[PDB]
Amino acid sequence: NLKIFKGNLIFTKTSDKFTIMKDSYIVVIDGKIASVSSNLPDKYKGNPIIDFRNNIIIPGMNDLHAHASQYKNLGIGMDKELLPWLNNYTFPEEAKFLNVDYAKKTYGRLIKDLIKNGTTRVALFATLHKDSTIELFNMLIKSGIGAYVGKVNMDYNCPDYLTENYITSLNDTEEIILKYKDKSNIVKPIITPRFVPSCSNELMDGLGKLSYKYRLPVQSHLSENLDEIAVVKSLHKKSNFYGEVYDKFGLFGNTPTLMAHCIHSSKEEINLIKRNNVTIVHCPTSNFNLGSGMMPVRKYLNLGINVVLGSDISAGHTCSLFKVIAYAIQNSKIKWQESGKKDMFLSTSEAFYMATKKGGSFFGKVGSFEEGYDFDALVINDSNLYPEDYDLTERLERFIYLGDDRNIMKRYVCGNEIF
């Protein structure tokens, strides 16, 4: 199974700069990149060449945080702060997933939107419902894209119409794990406690045991809202900071861990994140829409902390990680300005790096056009943006700032075209 793609390649091997290869070739064998060069090796001559001409080829987007079950509230109900917000629109929407048919329907729309926007790998929070989450697993597997799917664990202080017993929660979680742990190579389970204020100690310890037992990655929320933070230290008077409680249960780095937002994290929480090698998911659109605050990304990057990007949909108003890239840069420009121009804002390559190679690394060797990497890619047709007047770097930047899904001509995950 060999495929050869030709076009203008743009990717980031490192965060400081773009690697640009005009009219170059990418040879894919069994879904993985075997060769990337400006000249087609003779050992591959005679093979069909999928020539994308003057179009741009870039790696796919890797969204490390999105709530699949909140798709319907996209662009709606953003007049309340995190906690109040959940109670008014989010919980009522997620509760609807008790019905598997509603789930099939909504997740169907979600998946088509993700692919349409060029998201090739995504870390998703589903709902506490087992059957609907199982349906999401199957639909994702059928779609061809990669993903970490997490049945949501929430048994504490939740609404009567959207709550669960920790005993059932754990049994359902483990049941899901056993069913999908070895099924697909790109759609896998991930331990997903919603967050401290929603999980009892019983639940968290049980989830911690599951993560260890099955060597599974973890995902959850961290220091997104001030009131949220006050609730955590209130329920847990023995903790000095938010992330400490997760760590107490073995859900803070023992295995690859994703922590969303991390806007108001204290110095200690930051050090722990660094120490335990936790990955921070920067969700700028969500931070703006919910009025959560503005994350100091340069400060975290200076400390060597792993930072990726997430759409955090519903809270975040868009599935396009390209739009998330723009907002991350814009958010960083304000941090730069407030710091007296000391904390350099993000360059286009740095944010693009987060979206591709860095985020992709959570899923495996994906996110860059280098030998051995899965071929997750997008073909960008920017013919409506006067491309003739700009170099390749400017064209990618303009696609990011001025373009949209209309410019995405093709999607590939592990060498397979996704429709």
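When you see a residue number, it is the position in the sequence shown, counting from 1.
- Legend: mean Cα B-factor per stretch from the PDB entry, 251-259 versus 309-317; the higher mean is in 251-259.
- The question of which stretch, 202-210 or 325-333, has the higher mean Cα B factor is settled in favour of 202-210.
- In the PDB entry, the Cα temperature factor peaks, among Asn62, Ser361, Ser38, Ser69, at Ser38.
- Out of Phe288, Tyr180, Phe91, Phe345, it is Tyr180 whose C-alpha atom has the highest B-factor in the PDB entry.
- Sorting the modelled residues of the chain by their CA temperature factor places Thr119 in the lowest third.
- In this PDB entry, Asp391 carries a Cα temperature factor that places it within the middle third of its chain's modelled residues.
- Among the modelled residues of the chain, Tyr44 sits in the highest third by CA temperature factor in this PDB entry.
- For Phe241, the recorded CA B-factor ranks within the highest third of the chain. Only modelled residues enter the ranking.
- The PDB entry assigns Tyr300 a C-alpha temperature factor belonging to the middle third of its chain's modelled residues.
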